[PDB]
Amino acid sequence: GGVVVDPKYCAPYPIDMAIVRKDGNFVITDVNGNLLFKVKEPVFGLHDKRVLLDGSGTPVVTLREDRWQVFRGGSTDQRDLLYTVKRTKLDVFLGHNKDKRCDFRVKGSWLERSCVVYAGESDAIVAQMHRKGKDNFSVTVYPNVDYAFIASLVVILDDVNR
């Protein structure tokens, strides 16, 4: 129940995330510094779409906007819809969920660096933010949890703050 984007983005040990900023084009890498994804606006003069790229520049997911849809790779087609995010904090429904139990939810505060992601029908914590051009927080992704999936929520939490 931890695979959302691709089972390949699921490690057997916890992965700490980090955001670094050099119009929301920034990077999320691990805390040692290795780039996990590059986050960018796909079109100049268009702030409602962002794309997560791996280090080869290949699109992993595309987020398109109080409501966001996240798509496979570099697409915005309904046939590539992975999940929808609705603004206790954020609720996450996978594509097949056409109705009203969340598959995941986000609670806590972005500015307090207390974001925590929970699996719906189990309430298991799958990711946890900790307060520390690096931003003032880390996000631990727990084993077998899809870290590309957690990265978009970070992207979405950052979208709401900005």
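Don't overthink the numbering: it's just position in the shown sequence, from 1.
Item to check | Chain break class for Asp123 to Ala124, judged by how many deposited residues have no coordinates | outcome: In the record, the chain runs straight from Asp123 to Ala124 with none unmodelled.
Checklist entry - Unmodelled stretch from the deposited sequence between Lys22 and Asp23, which bin: none, 1 to 3, 4 to 9, 10 or more? => result In the deposited sequence, 4 to 9 residues between these two have no coordinates.
Item to check | 68-76 set against 88-96, stretch whose average Cα temperature factor tops the other in the entry | outcome: 88-96 has the higher mean C-alpha B-factor.
Next on the checklist: Per the record, averaged over C-alpha atoms, which has the higher B-factor: 37-45 or 113-121?
Outcome noted: For C-alpha atoms only, the mean B-factor is higher in 113-121.
Next on the checklist: Using only the C-alpha B-factors in the record, can you name which of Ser56, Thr62, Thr29, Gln128 has the highest?
Outcome noted: Comparing C-alpha B-factors across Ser56, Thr62, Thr29, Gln128, the maximum falls on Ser56.
Checklist entry - What third of its chain's C-alpha B-factors does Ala151 belong to: lowest, middle or highest? => result Answer is lowest: the recorded C-alpha B-factor places it there.
Item to check | Lowest, middle or highest third - CA B-factor, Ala18 | outcome: It falls in the middle third of the chain.
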